[PDB]
file start-v3.cif (mmCIF, C-alpha atoms)
data_upload
#
loop_
_atom_site.label_atom_id
_atom_site.label_comp_id
_atom_site.auth_asym_id
_atom_site.auth_seq_id
_atom_site.Cartn_x
_atom_site.Cartn_y
_atom_site.Cartn_z
CA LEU J 112 -26.69 96.12 36.49
CA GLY J 113 -23.98 94.70 38.74
CA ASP J 114 -20.70 95.41 36.95
CA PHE J 115 -21.46 99.15 36.86
CA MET J 116 -21.13 99.44 40.65
CA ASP J 117 -18.47 96.71 40.67
CA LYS J 118 -16.25 99.07 38.65
CA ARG J 119 -16.96 102.09 40.87
CA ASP J 120 -15.91 100.13 43.96
CA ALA J 121 -13.00 98.38 42.23
CA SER J 122 -11.53 101.83 41.65
CA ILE J 123 -11.24 102.33 45.42
CA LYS J 124 -9.92 98.76 45.69
CA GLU J 125 -7.06 99.31 43.22
CA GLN J 126 -6.45 102.72 44.81
CA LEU J 127 -5.89 101.31 48.30
CA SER J 128 -3.72 98.49 46.92
CA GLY J 129 -1.65 101.10 45.09
CA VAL J 130 -1.19 103.23 48.21
CA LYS J 131 -0.12 100.15 50.20
CA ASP J 132 2.55 99.11 47.67
CA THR J 133 3.43 102.81 47.41
CA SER J 134 4.20 103.12 51.13
CA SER J 135 6.28 99.94 50.95
CA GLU J 136 8.24 101.46 48.08
CA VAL J 137 8.68 104.75 49.98
CA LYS J 138 10.27 103.06 52.98
CA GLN J 139 12.45 100.89 50.71
CA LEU J 140 13.69 103.80 48.58
CA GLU J 141 14.47 105.96 51.61
CA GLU J 142 16.29 102.93 53.03
CA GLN J 143 18.40 102.72 49.86
CA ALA J 144 19.00 106.49 49.83
CA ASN J 145 20.39 106.16 53.35
CA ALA J 146 22.16 102.93 52.41
CA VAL J 147 24.23 104.17 49.47
CA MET J 148 25.95 106.98 51.39
CA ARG J 149 26.16 104.77 54.48
CA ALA J 150 27.92 102.05 52.47
CA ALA J 151 30.29 104.57 50.88
CA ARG J 152 31.13 106.24 54.21
CA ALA J 153 31.58 102.93 56.04
CA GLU J 154 33.68 101.17 53.39
CA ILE J 155 35.85 104.24 52.82
CA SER J 156 36.77 104.26 56.52
CA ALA J 157 37.27 100.49 56.32
CA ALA J 158 39.78 100.81 53.46
CA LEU J 159 41.26 103.80 55.32
CA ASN J 160 42.01 101.67 58.38
CA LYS J 161 43.18 98.61 56.42
CA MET J 162 45.59 100.55 54.19
CA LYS J 163 46.64 102.57 57.26
CA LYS J 164 47.84 99.35 58.91
CA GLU J 165 50.22 98.70 56.00
CA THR J 166 51.16 102.39 56.03
CA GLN J 167 52.24 102.13 59.68
CA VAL A 22 -67.40 88.70 40.85
CA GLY A 23 -66.62 86.21 38.09
CA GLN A 24 -63.32 84.62 39.08
CA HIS A 25 -63.42 81.02 37.89
CA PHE A 26 -62.42 80.69 34.22
CA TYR A 27 -63.65 80.82 30.67
CA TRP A 28 -63.83 77.82 28.36
CA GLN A 29 -60.63 78.31 26.38
CA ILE A 30 -59.92 74.56 26.39
CA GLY A 31 -56.29 73.50 26.03
CA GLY A 32 -56.27 69.88 27.18
CA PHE A 33 -57.71 70.71 30.59
CA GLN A 34 -60.06 73.30 32.07
CA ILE A 35 -57.77 76.30 32.61
CA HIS A 36 -58.55 79.60 34.32
CA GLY A 37 -58.77 82.69 32.12
CA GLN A 38 -57.84 85.38 34.65
CA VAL A 39 -54.70 83.39 35.50
CA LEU A 40 -53.64 83.11 31.85
CA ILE A 41 -54.29 86.62 30.59
CA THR A 42 -53.32 88.58 33.72
CA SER A 43 -50.09 86.68 34.39
CA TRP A 44 -49.15 86.67 30.70
CA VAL A 45 -49.67 90.40 30.20
CA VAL A 46 -47.99 91.30 33.50
CA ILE A 47 -44.93 89.19 32.62
CA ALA A 48 -44.99 90.77 29.16
CA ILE A 49 -45.06 94.37 30.42
CA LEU A 50 -42.43 93.55 33.05
CA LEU A 51 -40.02 92.14 30.46
CA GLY A 52 -40.86 95.01 28.12
CA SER A 53 -39.87 97.41 30.88
CA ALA A 54 -36.70 95.49 31.75
CA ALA A 55 -35.47 94.68 28.24
CA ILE A 56 -35.82 97.96 26.34
CA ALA A 57 -34.04 99.95 29.06
CA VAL A 58 -31.08 97.56 29.41
CA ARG A 59 -30.20 97.88 25.71
CA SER A 60 -28.11 101.06 26.07
CA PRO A 61 -27.08 101.58 29.72
CA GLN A 62 -24.32 103.98 30.73
CA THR A 63 -21.86 103.42 33.58
CA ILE A 64 -23.63 106.27 35.43
CA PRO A 65 -27.04 105.27 36.89
CA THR A 66 -29.16 107.20 34.38
CA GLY A 67 -32.95 107.71 34.20
CA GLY A 68 -34.32 104.19 34.40
CA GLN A 69 -31.08 102.34 35.15
CA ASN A 70 -30.95 104.15 38.50
CA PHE A 71 -34.40 102.82 39.43
CA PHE A 72 -33.58 99.29 38.25
CA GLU A 73 -30.25 99.27 40.11
CA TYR A 74 -31.96 100.66 43.23
CA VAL A 75 -34.42 97.76 43.07
CA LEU A 76 -31.53 95.35 42.51
CA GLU A 77 -29.45 96.64 45.45
CA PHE A 78 -32.61 96.39 47.56
CA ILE A 79 -32.80 92.72 46.54
CA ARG A 80 -29.06 92.42 47.22
CA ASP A 81 -29.49 93.67 50.79
CA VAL A 82 -32.59 91.60 51.59
CA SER A 83 -30.86 88.53 50.12
CA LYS A 84 -27.52 89.16 51.81
CA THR A 85 -28.94 89.62 55.30
CA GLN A 86 -31.01 86.44 55.49
CA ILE A 87 -30.09 83.26 53.66
CA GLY A 88 -26.40 82.41 53.87
CA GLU A 89 -23.20 82.32 51.84
CA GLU A 90 -24.75 81.47 48.46
CA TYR A 91 -27.86 83.64 48.04
CA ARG A 92 -26.70 85.13 44.73
CA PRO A 93 -28.05 82.30 42.48
CA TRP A 94 -31.42 82.71 44.24
CA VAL A 95 -31.34 86.49 43.83
CA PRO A 96 -32.84 86.10 40.30
CA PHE A 97 -35.71 83.99 41.66
CA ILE A 98 -36.54 86.24 44.61
CA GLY A 99 -36.03 89.37 42.50
CA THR A 100 -38.38 88.34 39.72
CA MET A 101 -40.80 87.42 42.52
CA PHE A 102 -40.45 90.92 44.02
CA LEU A 103 -40.98 92.54 40.61
CA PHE A 104 -43.98 90.31 39.79
CA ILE A 105 -45.79 91.05 43.06
CA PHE A 106 -44.89 94.77 42.83
CA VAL A 107 -46.19 95.34 39.30
CA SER A 108 -49.20 93.04 39.75
CA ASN A 109 -50.28 94.91 42.88
CA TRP A 110 -49.90 98.26 41.11
CA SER A 111 -51.76 96.95 38.05
CA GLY A 112 -54.57 95.68 40.25
CA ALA A 113 -54.74 99.08 41.93
CA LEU A 114 -54.54 101.05 38.67
CA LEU A 115 -55.05 99.35 35.29
CA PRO A 116 -58.68 99.69 34.21
CA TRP A 117 -60.64 96.45 33.93
CA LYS A 118 -64.25 97.46 34.58
CA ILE A 119 -64.76 99.37 31.33
CA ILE A 120 -63.55 96.35 29.36
CA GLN A 121 -66.11 93.54 29.61
CA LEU A 122 -65.66 89.81 29.13
CA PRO A 123 -68.52 87.55 27.98
CA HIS A 124 -67.79 84.59 30.25
CA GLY A 125 -65.74 85.96 33.14
CA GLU A 126 -63.65 88.86 34.45
CA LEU A 127 -60.00 89.91 34.37
CA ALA A 128 -58.42 91.68 37.35
CA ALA A 129 -55.07 90.26 38.53
CA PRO A 130 -52.82 87.16 38.40
CA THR A 131 -53.09 86.25 42.08
CA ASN A 132 -56.90 86.51 42.27
CA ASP A 133 -57.31 82.83 41.41
CA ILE A 134 -55.85 79.56 42.65
CA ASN A 135 -53.26 78.86 39.96
CA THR A 136 -50.83 81.79 40.17
CA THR A 137 -50.38 81.65 43.90
CA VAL A 138 -50.20 77.89 44.28
CA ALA A 139 -47.70 77.87 41.41
CA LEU A 140 -45.46 80.25 43.35
CA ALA A 141 -45.84 78.05 46.44
CA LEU A 142 -45.08 74.90 44.42
CA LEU A 143 -42.01 76.38 42.72
CA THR A 144 -40.64 77.62 46.04
CA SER A 145 -41.31 74.20 47.62
CA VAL A 146 -39.60 72.35 44.76
CA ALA A 147 -36.69 74.76 45.23
CA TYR A 148 -36.60 74.06 48.98
CA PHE A 149 -36.60 70.28 48.54
CA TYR A 150 -33.95 70.46 45.79
CA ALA A 151 -31.76 72.88 47.75
CA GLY A 152 -32.09 70.69 50.83
CA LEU A 153 -31.06 67.61 48.88
CA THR A 154 -28.19 69.71 47.48
CA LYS A 155 -26.74 71.50 50.53
CA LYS A 156 -27.47 68.47 52.74
CA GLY A 157 -27.00 64.79 51.90
CA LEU A 158 -29.19 62.60 49.71
CA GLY A 159 -30.14 60.00 52.32
CA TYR A 160 -32.29 62.07 54.67
CA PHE A 161 -33.02 65.77 54.23
CA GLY A 162 -33.90 68.08 57.15
CA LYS A 163 -36.57 65.59 58.31
CA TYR A 164 -34.14 63.41 60.30
CA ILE A 165 -34.55 63.57 64.08
CA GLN A 166 -31.47 63.32 66.28
CA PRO A 167 -32.61 65.07 69.53
CA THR A 168 -36.35 64.37 69.77
CA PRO A 169 -38.07 61.02 69.05
CA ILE A 170 -41.37 62.68 68.01
CA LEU A 171 -40.53 65.46 65.50
CA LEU A 172 -39.98 63.04 62.56
CA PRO A 173 -43.51 63.25 61.02
CA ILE A 174 -44.02 66.91 61.94
CA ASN A 175 -40.82 67.77 60.05
CA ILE A 176 -42.23 66.68 56.69
CA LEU A 177 -45.61 67.97 57.87
CA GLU A 178 -44.34 71.53 58.27
CA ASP A 179 -42.28 71.15 55.08
CA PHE A 180 -45.65 70.44 53.47
CA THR A 181 -47.73 73.10 55.24
CA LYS A 182 -45.37 76.09 54.90
CA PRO A 183 -45.71 76.75 51.09
CA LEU A 184 -49.50 76.54 51.27
CA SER A 185 -49.33 78.94 54.22
CA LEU A 186 -47.41 81.52 52.17
CA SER A 187 -49.91 80.90 49.37
CA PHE A 188 -52.78 81.64 51.76
CA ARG A 189 -51.00 84.83 52.82
CA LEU A 190 -50.96 86.03 49.21
CA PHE A 191 -54.61 84.93 48.90
CA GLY A 192 -55.81 86.83 51.98
CA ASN A 193 -53.96 89.91 50.74
CA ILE A 194 -54.95 90.17 47.07
CA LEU A 195 -58.51 88.83 47.36
CA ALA A 196 -59.15 91.28 50.20
CA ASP A 197 -57.74 94.11 48.07
CA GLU A 198 -60.03 93.11 45.19
CA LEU A 199 -63.01 93.17 47.55
CA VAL A 200 -62.01 96.64 48.82
CA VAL A 201 -61.73 98.07 45.32
CA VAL A 202 -64.83 96.40 43.85
CA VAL A 203 -67.26 97.27 46.66
CA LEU A 204 -65.71 100.73 47.08
CA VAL A 205 -66.29 101.57 43.41
CA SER A 206 -69.70 99.88 43.55
CA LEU A 207 -70.82 102.14 46.43
CA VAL A 208 -71.43 105.35 44.48
CA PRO A 209 -69.31 107.51 42.11
CA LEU A 210 -65.69 107.37 43.11
CA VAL A 211 -65.53 110.35 45.49
CA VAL A 212 -65.20 107.77 48.31
CA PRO A 213 -62.02 105.84 47.20
CA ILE A 214 -59.85 109.00 47.61
CA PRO A 215 -58.45 108.29 51.12
CA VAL A 216 -58.63 104.51 50.72
CA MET A 217 -56.39 104.52 47.62
CA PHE A 218 -53.43 105.68 49.73
CA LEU A 219 -53.85 102.82 52.22
CA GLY A 220 -54.25 100.36 49.35
CA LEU A 221 -51.05 101.60 47.71
CA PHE A 222 -49.12 101.41 51.00
CA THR A 223 -50.42 97.89 51.73
CA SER A 224 -49.65 96.71 48.16
CA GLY A 225 -46.07 97.99 48.23
CA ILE A 226 -45.37 96.50 51.64
CA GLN A 227 -47.14 93.32 50.48
CA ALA A 228 -44.51 93.06 47.74
CA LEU A 229 -41.73 93.69 50.28
CA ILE A 230 -43.02 91.11 52.77
CA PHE A 231 -43.44 88.49 50.06
CA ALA A 232 -39.82 89.12 49.04
CA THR A 233 -38.45 88.78 52.57
CA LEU A 234 -40.66 85.74 53.23
CA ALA A 235 -39.26 84.00 50.15
CA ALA A 236 -35.80 84.97 51.41
CA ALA A 237 -36.46 83.52 54.87
CA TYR A 238 -37.61 80.20 53.45
CA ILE A 239 -34.72 79.70 51.05
CA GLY A 240 -32.73 80.50 54.19
CA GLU A 241 -34.44 77.58 55.94
CA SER A 242 -33.68 75.48 52.84
CA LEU A 243 -30.04 76.45 53.37
CA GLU A 244 -30.50 75.43 57.02
#

call {"tool": "encode", "arguments": {"input": "start-v3.cif", "output": "structure tokens"}}
result
Amino acid sequence: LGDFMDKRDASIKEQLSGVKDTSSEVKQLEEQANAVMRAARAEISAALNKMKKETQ
Amino acid sequence: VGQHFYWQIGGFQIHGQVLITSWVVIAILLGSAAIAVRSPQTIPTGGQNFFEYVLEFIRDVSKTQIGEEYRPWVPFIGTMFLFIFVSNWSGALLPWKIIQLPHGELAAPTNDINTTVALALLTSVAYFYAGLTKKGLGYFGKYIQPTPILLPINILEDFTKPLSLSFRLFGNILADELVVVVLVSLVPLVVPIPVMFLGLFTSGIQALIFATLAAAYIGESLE
């Protein structure tokens, strides 16, 4: 008579744990979506300047 | 009116009301509990809803009182709740004046000495054991640090509390038996109509107060 309500509350428990790890993953994936173009744009200007020194 | 015993000797003079009433009430209680827990669904269906409502009632009244480890005493206090509940309803309802007994009567388990003093004794054994468990084995709750006088009265109250709860159950169920027997002995039963409601209310709340009073005292055992 106990495990029947244990399951019905454990559903909300696993749900809230899932939403917590979900929000962590959302911020991390948006960080990486910013980061890939940011890394490309920054390093391309880096190589631009460095090769431009030898060009001058 | 005949409450003593009948001579069903078994090594010592044993009470007959005690035996038959407590045996049949335990039997019908386990027959109710066992046949309906065979095939339970995850949804609280017809009887499982009632049984789980009783059990969450016991969960609340055991969670609010005792301490951090009430769950192993939830079986004890819950079977006590169920026993007093069904025995009060059986004393209010189940017919035992049309059936006659040659040597005595047969009304309820708590009408006699044995199955109230047995409850008191089992609770007291549980209190002494739980006090020697949760506290040390040298001196249980008896030991007096602040006051130099409370040393004998500590064991004296630890002796006089279970008998007090016993006398509570006595003064409830014996009074109820007197109500019902004189009220059906008045005249045909056109008189018990309003009194049956008060008896039912008092019996149900008698079960509840016995439950919470067992809870309070295993709480003191924890303390």

call {"tool": "atom_distance", "arguments": {"input": "start-v3.cif", "atom1": "atom CA of residue 69 of chain A", "atom2": "atom CA of residue 89 of chain A"}}
result
27.2 Å

call {"tool": "interface_residues", "arguments": {"input": "start-v3.cif", "of": "chain J", "to": "chain A", "cutoff": "9 Å", "atoms": "only C-alpha atoms", "output": "ChimeraX atom specification"}}
result
/J:112-116,118-119

call {"tool": "write_last_selection", "arguments": {"input": "start-v3.cif", "atoms": "C-alpha atoms", "output": "JSON list (two decimals), in the coordinates of the input"}}
result
[["chain", "number", "residue", "atom", "x", "y", "z"],
["J", 112, "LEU", "CA", -26.69, 96.12, 36.49],
["J", 113, "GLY", "CA", -23.98, 94.70, 38.74],
["J", 114, "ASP", "CA", -20.70, 95.41, 36.95],
["J", 115, "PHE", "CA", -21.46, 99.15, 36.86],
["J", 116, "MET", "CA", -21.13, 99.44, 40.65],
["J", 118, "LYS", "CA", -16.25, 99.07, 38.65],
["J", 119, "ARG", "CA", -16.96, 102.09, 40.87]]

call {"tool": "atom_distance", "arguments": {"input": "start-v3.cif", "atom1": "atom CA of residue 119 of chain A", "atom2": "atom CA of residue 210 of chain A"}}
result
14.3 Å

call {"tool": "atom_distance", "arguments": {"input": "start-v3.cif", "atom1": "atom CA of residue 143 of chain A", "atom2": "atom CA of residue 113 of chain A"}}
result
26.0 Å

call {"tool": "resolve_selection", "arguments": {"input": "start-v3.cif", "expression": "the PyMOL selection byres ((chain A and resi 47-56) around 12)", "output": "CSV table (one decimal) with C-alpha atoms, in the coordinates of the input"}}
result
chain,number,residue,atom,x,y,z
J,112,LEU,CA,-26.7,96.1,36.5
A,39,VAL,CA,-54.7,83.4,35.5
A,40,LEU,CA,-53.6,83.1,31.8
A,41,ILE,CA,-54.3,86.6,30.6
A,42,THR,CA,-53.3,88.6,33.7
A,43,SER,CA,-50.1,86.7,34.4
A,44,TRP,CA,-49.2,86.7,30.7
A,45,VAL,CA,-49.7,90.4,30.2
A,46,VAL,CA,-48.0,91.3,33.5
A,57,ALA,CA,-34.0,100.0,29.1
A,58,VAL,CA,-31.1,97.6,29.4
A,59,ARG,CA,-30.2,97.9,25.7
A,60,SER,CA,-28.1,101.1,26.1
A,61,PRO,CA,-27.1,101.6,29.7
A,68,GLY,CA,-34.3,104.2,34.4
A,69,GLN,CA,-31.1,102.3,35.2
A,71,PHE,CA,-34.4,102.8,39.4
A,72,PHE,CA,-33.6,99.3,38.2
A,73,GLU,CA,-30.2,99.3,40.1
A,75,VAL,CA,-34.4,97.8,43.1
A,76,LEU,CA,-31.5,95.4,42.5
A,100,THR,CA,-38.4,88.3,39.7
A,101,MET,CA,-40.8,87.4,42.5
A,102,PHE,CA,-40.4,90.9,44.0
A,103,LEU,CA,-41.0,92.5,40.6
A,104,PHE,CA,-44.0,90.3,39.8
A,105,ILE,CA,-45.8,91.0,43.1
A,106,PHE,CA,-44.9,94.8,42.8
A,107,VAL,CA,-46.2,95.3,39.3
A,108,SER,CA,-49.2,93.0,39.8
A,110,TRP,CA,-49.9,98.3,41.1
A,111,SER,CA,-51.8,97.0,38.0
A,129,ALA,CA,-55.1,90.3,38.5
A,130,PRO,CA,-52.8,87.2,38.4

call {"tool": "residues_around", "arguments": {"input": "start-v3.cif", "residues": "residue 189 of chain A", "least_positions_apart": "5", "cutoff": "9 Å", "atoms": "all atoms listed in the file", "output": "list in words"}}
result
residues 184, 194 and 231 of chain A

call {"tool": "resolve_selection", "arguments": {"input": "start-v3.cif", "expression": "the PyMOL selection byres ((chain A and resi 134) around 12)", "output": "number ranges by chain"}}
result
A: 24-26, 35-40, 129-133, 135-142, 184, 187-188, 190-192, 194-195

call {"tool": "resolve_selection", "arguments": {"input": "start-v3.cif", "expression": "the PyMOL selection byres ((chain A and resi 97) around 10)", "output": "number ranges by chain"}}
result
A: 92-96, 98-102, 143-144, 147, 232, 235-236

call {"tool": "decode", "arguments": {"input": "start-v3.cif", "residues": "segment 120-151 of chain J", "atoms": "N, CA and C atoms", "output": "PDB file, in the first residue's frame"}}
result
ATOM      1  N   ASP J 120       4.503   9.767  -6.720  1.00  0.00           N
ATOM      2  CA  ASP J 120       5.290  10.944  -6.354  1.00  0.00           C
ATOM      3  C   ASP J 120       6.681  10.905  -6.986  1.00  0.00           C
ATOM      4  N   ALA J 121       7.227   9.701  -7.190  1.00  0.00           N
ATOM      5  CA  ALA J 121       8.538   9.571  -7.814  1.00  0.00           C
ATOM      6  C   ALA J 121       8.501  10.021  -9.266  1.00  0.00           C
ATOM      7  N   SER J 122       7.317   9.994  -9.884  1.00  0.00           N
ATOM      8  CA  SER J 122       7.192  10.560 -11.225  1.00  0.00           C
ATOM      9  C   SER J 122       7.482  12.060 -11.224  1.00  0.00           C
ATOM     10  N   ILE J 123       6.912  12.797 -10.266  1.00  0.00           N
ATOM     11  CA  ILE J 123       7.197  14.227 -10.155  1.00  0.00           C
ATOM     12  C   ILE J 123       8.660  14.450  -9.781  1.00  0.00           C
ATOM     13  N   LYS J 124       9.216  13.551  -8.962  1.00  0.00           N
ATOM     14  CA  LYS J 124      10.627  13.650  -8.582  1.00  0.00           C
ATOM     15  C   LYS J 124      11.548  13.551  -9.802  1.00  0.00           C
ATOM     16  N   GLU J 125      11.383  12.497 -10.607  1.00  0.00           N
ATOM     17  CA  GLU J 125      12.214  12.353 -11.797  1.00  0.00           C
ATOM     18  C   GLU J 125      11.928  13.462 -12.803  1.00  0.00           C
ATOM     19  N   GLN J 126      10.686  13.965 -12.830  1.00  0.00           N
ATOM     20  CA  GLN J 126      10.359  15.069 -13.726  1.00  0.00           C
ATOM     21  C   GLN J 126      11.151  16.323 -13.377  1.00  0.00           C
ATOM     22  N   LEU J 127      11.164  16.706 -12.097  1.00  0.00           N
ATOM     23  CA  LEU J 127      11.872  17.924 -11.710  1.00  0.00           C
ATOM     24  C   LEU J 127      13.381  17.766 -11.878  1.00  0.00           C
ATOM     25  N   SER J 128      13.913  16.569 -11.592  1.00  0.00           N
ATOM     26  CA  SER J 128      15.331  16.324 -11.861  1.00  0.00           C
ATOM     27  C   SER J 128      15.647  16.470 -13.349  1.00  0.00           C
ATOM     28  N   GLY J 129      14.768  15.934 -14.204  1.00  0.00           N
ATOM     29  CA  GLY J 129      14.957  16.060 -15.636  1.00  0.00           C
ATOM     30  C   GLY J 129      14.929  17.499 -16.111  1.00  0.00           C
ATOM     31  N   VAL J 130      14.008  18.308 -15.577  1.00  0.00           N
ATOM     32  CA  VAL J 130      13.933  19.710 -15.997  1.00  0.00           C
ATOM     33  C   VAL J 130      15.157  20.487 -15.515  1.00  0.00           C
ATOM     34  N   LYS J 131      15.691  20.134 -14.340  1.00  0.00           N
ATOM     35  CA  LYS J 131      16.909  20.792 -13.864  1.00  0.00           C
ATOM     36  C   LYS J 131      18.098  20.506 -14.781  1.00  0.00           C
ATOM     37  N   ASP J 132      18.366  19.219 -15.043  1.00  0.00           N
ATOM     38  CA  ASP J 132      19.459  18.871 -15.952  1.00  0.00           C
ATOM     39  C   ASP J 132      19.192  19.398 -17.357  1.00  0.00           C
ATOM     40  N   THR J 133      17.914  19.498 -17.729  1.00  0.00           N
ATOM     41  CA  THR J 133      17.530  20.073 -19.010  1.00  0.00           C
ATOM     42  C   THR J 133      17.955  21.527 -19.119  1.00  0.00           C
ATOM     43  N   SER J 134      17.649  22.337 -18.102  1.00  0.00           N
ATOM     44  CA  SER J 134      18.006  23.754 -18.148  1.00  0.00           C
ATOM     45  C   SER J 134      19.519  23.936 -18.174  1.00  0.00           C
ATOM     46  N   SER J 135      20.237  23.099 -17.417  1.00  0.00           N
ATOM     47  CA  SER J 135      21.697  23.104 -17.504  1.00  0.00           C
ATOM     48  C   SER J 135      22.162  22.820 -18.930  1.00  0.00           C
ATOM     49  N   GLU J 136      21.550  21.829 -19.579  1.00  0.00           N
ATOM     50  CA  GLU J 136      21.952  21.509 -20.941  1.00  0.00           C
ATOM     51  C   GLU J 136      21.584  22.627 -21.911  1.00  0.00           C
ATOM     52  N   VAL J 137      20.455  23.307 -21.685  1.00  0.00           N
ATOM     53  CA  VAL J 137      20.068  24.424 -22.551  1.00  0.00           C
ATOM     54  C   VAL J 137      21.111  25.530 -22.502  1.00  0.00           C
ATOM     55  N   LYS J 138      21.510  25.944 -21.294  1.00  0.00           N
ATOM     56  CA  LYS J 138      22.501  27.017 -21.218  1.00  0.00           C
ATOM     57  C   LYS J 138      23.839  26.570 -21.806  1.00  0.00           C
ATOM     58  N   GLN J 139      24.214  25.300 -21.611  1.00  0.00           N
ATOM     59  CA  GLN J 139      25.485  24.829 -22.162  1.00  0.00           C
ATOM     60  C   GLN J 139      25.456  24.760 -23.691  1.00  0.00           C
ATOM     61  N   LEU J 140      24.342  24.299 -24.273  1.00  0.00           N
ATOM     62  CA  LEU J 140      24.285  24.170 -25.726  1.00  0.00           C
ATOM     63  C   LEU J 140      24.182  25.531 -26.400  1.00  0.00           C
ATOM     64  N   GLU J 141      23.480  26.486 -25.783  1.00  0.00           N
ATOM     65  CA  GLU J 141      23.476  27.831 -26.348  1.00  0.00           C
ATOM     66  C   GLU J 141      24.845  28.484 -26.194  1.00  0.00           C
ATOM     67  N   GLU J 142      25.561  28.153 -25.112  1.00  0.00           N
ATOM     68  CA  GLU J 142      26.936  28.616 -24.962  1.00  0.00           C
ATOM     69  C   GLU J 142      27.817  28.079 -26.082  1.00  0.00           C
ATOM     70  N   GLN J 143      27.659  26.800 -26.433  1.00  0.00           N
ATOM     71  CA  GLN J 143      28.482  26.230 -27.503  1.00  0.00           C
ATOM     72  C   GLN J 143      28.065  26.744 -28.878  1.00  0.00           C
ATOM     73  N   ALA J 144      26.772  27.028 -29.068  1.00  0.00           N
ATOM     74  CA  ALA J 144      26.307  27.595 -30.329  1.00  0.00           C
ATOM     75  C   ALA J 144      26.851  29.002 -30.536  1.00  0.00           C
ATOM     76  N   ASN J 145      26.945  29.784 -29.460  1.00  0.00           N
ATOM     77  CA  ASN J 145      27.674  31.047 -29.540  1.00  0.00           C
ATOM     78  C   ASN J 145      29.166  30.804 -29.749  1.00  0.00           C
ATOM     79  N   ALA J 146      29.706  29.781 -29.081  1.00  0.00           N
ATOM     80  CA  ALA J 146      31.149  29.610 -28.979  1.00  0.00           C
ATOM     81  C   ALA J 146      31.768  29.185 -30.298  1.00  0.00           C
ATOM     82  N   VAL J 147      31.046  28.418 -31.115  1.00  0.00           N
ATOM     83  CA  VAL J 147      31.671  27.899 -32.331  1.00  0.00           C
ATOM     84  C   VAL J 147      31.884  29.022 -33.347  1.00  0.00           C
ATOM     85  N   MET J 148      30.880  29.887 -33.527  1.00  0.00           N
ATOM     86  CA  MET J 148      31.047  31.011 -34.437  1.00  0.00           C
ATOM     87  C   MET J 148      31.957  32.064 -33.830  1.00  0.00           C
ATOM     88  N   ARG J 149      31.933  32.207 -32.500  1.00  0.00           N
ATOM     89  CA  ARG J 149      32.837  33.150 -31.854  1.00  0.00           C
ATOM     90  C   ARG J 149      34.290  32.718 -32.021  1.00  0.00           C
ATOM     91  N   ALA J 150      34.559  31.417 -31.885  1.00  0.00           N
ATOM     92  CA  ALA J 150      35.909  30.899 -32.070  1.00  0.00           C
ATOM     93  C   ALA J 150      36.361  31.057 -33.513  1.00  0.00           C
ATOM     94  N   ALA J 151      35.482  30.724 -34.467  1.00  0.00           N
ATOM     95  CA  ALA J 151      35.822  30.910 -35.876  1.00  0.00           C
ATOM     96  C   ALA J 151      36.124  32.371 -36.192  1.00  0.00           C
TER      97      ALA J 151
END
